[PDB]
Number of protein chains: 2
Amino acid sequence: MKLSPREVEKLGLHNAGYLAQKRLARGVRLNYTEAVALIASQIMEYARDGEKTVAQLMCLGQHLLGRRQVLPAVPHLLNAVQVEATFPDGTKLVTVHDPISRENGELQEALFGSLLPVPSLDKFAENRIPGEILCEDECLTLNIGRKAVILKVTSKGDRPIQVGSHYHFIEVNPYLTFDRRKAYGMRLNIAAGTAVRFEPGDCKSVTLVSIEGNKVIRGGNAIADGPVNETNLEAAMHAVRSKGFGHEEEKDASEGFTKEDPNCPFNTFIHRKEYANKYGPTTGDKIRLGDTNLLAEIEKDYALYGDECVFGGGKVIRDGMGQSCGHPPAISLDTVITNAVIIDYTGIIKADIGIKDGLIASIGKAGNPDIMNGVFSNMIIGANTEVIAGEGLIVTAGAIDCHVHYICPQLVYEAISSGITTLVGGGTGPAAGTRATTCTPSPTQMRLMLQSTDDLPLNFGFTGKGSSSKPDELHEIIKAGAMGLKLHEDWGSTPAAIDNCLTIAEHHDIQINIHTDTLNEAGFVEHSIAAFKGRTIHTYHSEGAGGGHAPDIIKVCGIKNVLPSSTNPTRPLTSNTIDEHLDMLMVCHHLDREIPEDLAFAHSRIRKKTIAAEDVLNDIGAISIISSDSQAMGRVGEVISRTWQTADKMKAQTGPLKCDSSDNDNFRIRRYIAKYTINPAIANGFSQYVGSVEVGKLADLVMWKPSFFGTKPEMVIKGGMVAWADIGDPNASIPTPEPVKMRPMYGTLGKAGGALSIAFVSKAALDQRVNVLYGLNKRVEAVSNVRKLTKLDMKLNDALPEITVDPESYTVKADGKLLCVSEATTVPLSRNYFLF
Amino acid sequence: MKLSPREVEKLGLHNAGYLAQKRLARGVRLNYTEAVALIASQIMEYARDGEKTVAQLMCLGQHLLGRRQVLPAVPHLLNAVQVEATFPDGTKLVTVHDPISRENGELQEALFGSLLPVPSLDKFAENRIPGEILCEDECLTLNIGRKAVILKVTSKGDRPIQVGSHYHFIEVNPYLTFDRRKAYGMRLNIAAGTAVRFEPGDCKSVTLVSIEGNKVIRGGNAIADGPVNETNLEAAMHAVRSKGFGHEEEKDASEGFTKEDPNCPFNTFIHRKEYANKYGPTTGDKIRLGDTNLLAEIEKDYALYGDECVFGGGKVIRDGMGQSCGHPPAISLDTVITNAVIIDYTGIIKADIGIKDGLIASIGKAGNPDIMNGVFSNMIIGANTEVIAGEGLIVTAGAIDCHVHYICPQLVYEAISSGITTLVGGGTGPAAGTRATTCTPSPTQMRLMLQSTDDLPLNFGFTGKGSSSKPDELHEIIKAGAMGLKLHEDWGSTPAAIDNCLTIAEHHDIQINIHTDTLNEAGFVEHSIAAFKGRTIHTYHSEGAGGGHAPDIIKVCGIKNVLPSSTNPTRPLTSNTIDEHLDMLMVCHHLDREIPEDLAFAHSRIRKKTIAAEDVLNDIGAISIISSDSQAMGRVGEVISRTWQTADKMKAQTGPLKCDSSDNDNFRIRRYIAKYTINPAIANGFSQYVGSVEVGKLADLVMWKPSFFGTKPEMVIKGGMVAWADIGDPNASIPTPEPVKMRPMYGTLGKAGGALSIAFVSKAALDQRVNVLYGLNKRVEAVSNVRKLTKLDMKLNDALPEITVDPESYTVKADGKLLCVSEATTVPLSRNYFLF
Ligand code: NA
Ligand code: NA
Ligand code: NA
Ligand code: NA
Ligand code: NI
Ligand code: NI
Ligand code: NI
Ligand code: NI
């Protein structure tokens, strides 16, 4: 066959299309992913037939699927479908714009080439715009507080001339004629990144405003190089004349100032709707998170309207304009993320993000201090600065999963593709010990796992086996590189082991993670709590389905020295949760439905009442962290989605939180994002490095389209370099034609991954330079400051309700009041997005 | 589409399901692999439709395929099918238990969503349990030779308490009341890894037995810490009272001893069937190897019944119990493989395997000398020890393929996924020279191949081109890293080259591999044998279909200084062998069916009589090694399977070997496994490092389910770390849901592979530190002790029959007697297992 990589890829696309076709043929209303697969595959197939042009297929593609053949969200999610195929005249790109354009599609065309029977239209069974921006019906005023002038500009050229918003107007093409003197130090008063076009012979009046900041002109034609002043004005006019740049005095040109006034002729306005389309939303606007019920409101914006940093042809980030020409090379940003909506436990804000040496260097207003106000010296875009376009997108910290079983490498790829950039847990591969527990037991394995993962662009921490009554071996795994220890009932979670392990932690400044004695063999939950002796400990899967004293481990959520996490699969309580978990447990534990004691054990551990309580405890901030339990009772690619599904369920069933405004869900949003960002980092002792979008931390950042927030990110940035991203056909003319998949980027090749990341180890291990001993390229840092933590140190999740659990009925109360929530029948961030 | 890795994977699963559906639709009885694909895919598709619950699908899955729609082995092989899918309430796991439950399935449901026509039940055309354990109908007695007591135990707790077999009974939950004094130094007399459950208020009599070994109590509640003695008993009772642990004297409790007696009330028994289910089989039990006719009998077992090392919740390997608390940290095992059936040329035995520093540290009874008898100091499980669960599985050495053409890297992945951990051969990639011969000719290429393969977790040896009449260049490729040389007719296999090459080998202590002069251009087989001058040489594909003096190269199998191997594709003689090989040869040699001399050559080389003889010569031990000839006349993933298919064919056609018992096939099994384990290592000079499951060697080990023995292993361990393994959906809640594929593990990432492996080179190369010169991370060792070998040094394959071949008829005789076996029409290890 001599298949090239692109042929192999297009075959997969076709297979996805055929799956969508079979589904359509039985009357399934297709989701976004299926609709894209079908439309793209059909374009390829019509290209194969060789009877239709690109132009014809641009139209045909709009007729394949109607509103009735797709889910309600699809016409909102699907703006275009692109694919390339081999026509009789070679490879061509087809873009199908606005493909869901009719009530019912031409299903014979949708099924062309499939040999499937065409279904009657009545086979398709009879809301909410994902990622919607909500804004007040009003205008923003651009560029306020500046000198302004209106000038007549005439083209004497024979070819078109188009001038961008931030181009120094005196520097334009000599074949434009206008008052060059009045244009000195001015630029167009138009939306940032837009332009004014002059066809040959055109005369247009334009409004100009003064450049600001230091007011220094650089670049262009070098007509008026230098600070704006009287000397440099006269020099500029001398050059205008000497070089024959079109100039005509306009003595009576209107002059004034811009200000907040809706009637001022010098002003330029832009509606909030159009503003959000160009730059993303601004202060007071709201954004729907994915297809959830949650609305995030922009709390503040560092933008000065009119000076937005947008990159592109004719746009703002260009030499002498938004790109600074003359500052010290060493202070240029390495990368700027422009116009980001940042969602973080610290706030929901709008800002540019500056990255330098892999760190978040600055958050605020970026650009060029020579022409813009408000640009600090740590946010300068220079010649040596890359641009990532954040406008219209949400940026969050990379997620931190701190209950990882290192069962296989493939879960690492699944994790980062979902937006996780730090993994903490234990294991050696798919050995029984690791399949059960987060433990890398031997110093030999600690070395091998650090070496194995050295080129992967994630931060890693490995935990040893803490289940021992003597300290001797624990010291060894810690000095070998462990940054924590796991106490697990499968290795023994007895009071003697608990006490010994915590004593070790007090010495070594590492966190202890515990899965308690489900069997109550050595004691009940109160006896394990006693063994903690008031010392800091992280309780895994605190609700207990994932393990722990039956039936009342969840009591730990009210203990001050406990940092409690949930694992994902119980999040939130839904129709299938209990049946699913009961069988999962019996499979994991090799239990027999027909042996009473086995069934008694299973029912003692999988409990609707405690899982329902877990929904509420998460919502009120009494559970502080959400984690995976990857391939050992949980799902590595669903840490983020399960967190948001929980928040959505609780909003639906209980309304806004007490501390919530009712114009938005900001408090709930901040509380929940903390569960997979900052709190895992605090609990494990590396919060100075990662866990939030804050200056000085590693630039581990994830970019999301609001319509896909919480499910499928666009791009994962690790230490300031793109590590994984959505990319289409590698042979295509542009990066977006099908099939679009999450793929590894340059941060995954060679040893780049180590340069972008950190392996977290104990101080004892760093004291002997374990990175040198093991030949690691990845940076190593010691964990610290984890033995004086309490629940109060868990950001936005510091609640300590007194929890009781009825030993017979399993009824849970918090501060004497019943904790109940019904099961949900559906969740968002699911059916609208996934192919299977 | 924004496809995540799991979506791409599930699409492939669906495609496999659809293949199975098409096959079902035409009346094919599905094999195991197809049945799994179909059932898993159908569960996903019903989940997509959104009208069925997890519970409903657990039942529906049992109705899809009946016994008549699958092969006879399928109901035996298929215990469950698991898959995850996106329901309306998010991702859920469905397990379909015992899916083949009826005579005929509901084929409309089996084909749901496929749009395929449903076949009538009569379209399906009208034995042997693969991996079956056979055992005597009898009971084993646990824990014999111990003090025993029967105690009444009452729960005064309000929550359930469950106590494991090896928990120190005096240390249990204070809410159990019993005679704590009589419980001191005792544990439950129940099957290892099981438990006794106490619901609130329960009273149960339990039988306890004394701990053994050093008799030291550690862990638990630290009630009775220390060696069992009178002083520590009184201290324990003081603690019991001080701390309020439930205690009531039971003065008349029955006391005694356990012993071999079926009537003793203190005894606990377990039937052999249940024993084998929990721990794998024991002495005298038999295991069917895959779906072959071969039965392996356990020759001895190091277990002391009752003290089996089983890991899990409530089980044996826990702090102070089966996991030792107090021995020196440096002597903890790195990993223990528990309860393995070891099949090796040295014997078929049952044992734990201890791994330390990547080596097989010990084979025998593992655990904790403080509570168990029979644990030597090199088999101690400690806090820093990982567990691999071998119970129910077979462990073998990694296979060694010593006829590898390094034509592409992809054959390396195929090799290890099949259970091969060492490759020996030559090549540079898909150049003509390498496609024909196992030669890495240039020192430049030797360097590049060692560098190229440095991070792959296999051991490698590279052979140079030995076909030269002068020694000068041979010295150079050897000092560059060659660990052997290939004489090949394509480069000239003349007596002058043979003699020169062997002289070089005598100097350098490396093995020579030869493909002889098929054309008899310089001489007949006797002339090549003369050129050997009694020196050791390894004859590749000794039967000759793969190359060699026509028609009688097979004579070399009777020459004392020859070490003879077979290649795989002729193994064994079957219905299609001759037609397949005749055409393969004519394709490889660009021969023309219509040119008489071309056809004469082909028929002189591909001979039913010599291939039939090769079956017999392998069976009697006159051919010592089986190898691939990877992508050059043979199949890299079939070294192991073809060996077992040969053994199965010979048992079927000739019965047990002379040296075989008739209760089992142990001698034949040991003879055949030697062909791809120890004998390649002896022939090539690295048998001290690899090639058998023996103490001191590298821990290159393969885990097999008996039902899949010889086809598809579970896990491949390289240097003590998992290198490749079966793993399912990386996003799944557990490691087993579909699609389950052989995948690379942590031993393949970063530079871990080099840490786990060895590059074998000549002494000359090691003398100049070629690993340093080439910047290799992989360990390097020199081959040695290969110039004094004879056929007698080939383990269990040391036969030297006088072979004659009729030059006209090709009739083969051994010691004057006709060697004939008919062709087989089928082979095992094939149709039951493979998708294509
Ligand atoms: Na609901
Ligand atoms: Na209870
Ligand atoms: Na002949
Ligand atoms: Na046969
Ligand atoms: Ni757990
Ligand atoms: Ni876990
Ligand atoms: Ni050959
Ligand atoms: Ni060959």
Side-chain angles (χ1 to χ4, degrees), chain A residues 33 36 116 407-411 413-414 417 428-433 441-442 444 448 451-452 454-455 465 467-470 472-473 476 490-492 494-497 519-523 569 574-576 579-580 583 587 597 631 635 637 712 726 739-742 807 826-827 830 834-836, chain B residues 1-5 7 10-11 15 44 53-55 85-90 92-93 95 113 115 158-163 173 197 218-222 311-314 318-320 325-326 329 334 382-389 721-722 725 727 730-731 733 735 745-746 749-752:
Chain A
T33 313
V36 172
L116 296 170
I407 289 165
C408 67
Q410 293 77 20
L411 65 88
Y413 313 138
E414 208 77 38
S417 71
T428 64
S442 176
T444 297
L448 285 163
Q451 292 175 336
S452 172
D454 198 49
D455 294 330
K465 192 199 299 171
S467 286
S468 172
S469 288
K470 270 201 154 61
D472 306 51
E473 293 189 76
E476 298 297 331
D490 293 8
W491 300 114
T494 56
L519 307 178
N520 301 311
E521 175 183 53
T574 70
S575 301
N576 285 306
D579 291 332
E580 181 203 29
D583 206 69
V587 163
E597 293 88 353
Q631 281 190 326
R635 300 188 176 94
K712 295 180 169 185
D726 280 346
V740 171
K741 301 175 173 171
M742 242 299 169
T826 65
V827 297
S830 64
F834 290 94
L835 190 62
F836 289 94
Chain B
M1 288 183 295
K2 298 171 54 69
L3 294 190
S4 64
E7 288 165 289
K10 296 297 176 59
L11 180 61
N15 294 335
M44 296 196 300
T53 66
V54 166
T86 305
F87 286 78
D89 64 328
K92 303 287 171 290
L93 169 68
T95 300
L115 279 317
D158 62 352
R159 289 152 288 173
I161 296 166
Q162 188 162 306
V163 182
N173 194 311
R197 186 173 182 85
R218 300 292 184 200
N221 274 292
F311 166 77
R318 298 190 288 145
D319 175 57
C325 202
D334 289 354
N384 293 357
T385 304
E386 174 66 299
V387 173
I388 290 173
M721 180 177 198
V722 181
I727 286 292
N731 185 63
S733 58
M745 296 290 124
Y746 287 93
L749 298 183
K751 297 176 193 283

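The figures here come from the full heavy-atom set of this structure, side chains too, leaving out hydrogens, waters and symmetry mates. Here is the naming used below: chain letters follow the sequence lines, and residue numbers restart at 1 for every chain.
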Residues at least two apart in sequence or cross-chain that pass salt bridge (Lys or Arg N to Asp or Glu O under 4.0 Å) with B:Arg197, listed by chain then number, are B:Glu199
Please look at A:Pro569 and chain B and tell me whether the side chain, the backbone, both or neither of the residue comes under 4.5 angstrom of a heavy atom of that chain.
-> neither
How long is the gap from CE on B:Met1 to CG on A:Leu835, to the nearest 0.5 Å?
-> 8.0 Å
Just one of A:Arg635, A:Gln631, A:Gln410 clears the side chain to side chain contact (heavy atoms under 4.5 Å, CB included) bar with B:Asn731, so which one?
-> A:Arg635
Which of the residues B:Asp334, B:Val54, B:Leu115 is involved in the greatest number of heavy-atom pairs with chain A at under 4.5 angstrom?
-> B:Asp334
If you tally heavy-atom pairs under 4.5 Å between each of B:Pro735, B:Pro160, B:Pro329, B:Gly326 and chain A, the highest tally belongs to B:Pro735
Taking the side chain as every heavy atom from C-beta outward, state whether A:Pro430 and B:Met745 have any atom pair closer than 4.5 Å.
-> yes
Can any side-chain N or O of A:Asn576 pair as donor or acceptor with the backbone N or O of B:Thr53 at less than 3.5 Å?
-> no
In terms of side-chain heavy atoms, does B:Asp319 have a donor or acceptor partner in A:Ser467 at a distance below 3.5 Å?
-> no
Applying salt bridge (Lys or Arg N to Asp or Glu O under 4.0 Å), name anything that partners A:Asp726, two or more places apart in sequence or on another chain.
-> B:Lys2
Do side-chain atoms of A:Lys465 reach the backbone of B:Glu386 as a donor and acceptor pair under 3.5 angstrom?
-> no
Got a second to check how far A:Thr33's OG1 is from B:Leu3's CG, nearest 0.5 Å?
-> 7.0 Å
List the steps, then state whether side chain to side chain contact (heavy atoms under 4.5 Å, CB included) holds for A:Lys470 with B:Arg218.
-> CA-CA 9 Å; A:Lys470 270 201 154 61; B:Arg218 300 292 184 200; 4.3 Å; yes
Counting heavy-atom pairs under 4.5 Å with chain B, the top scorer among A:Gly637, A:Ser575, A:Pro441, A:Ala496 is A:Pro441
What residue in A:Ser468, A:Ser830, A:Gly429 has the most heavy-atom pairs under 4.5 Å with chain B?
-> A:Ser468
Segment of B:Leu93 engaging chain A (4.5 angstrom heavy-atom cut-off) = both
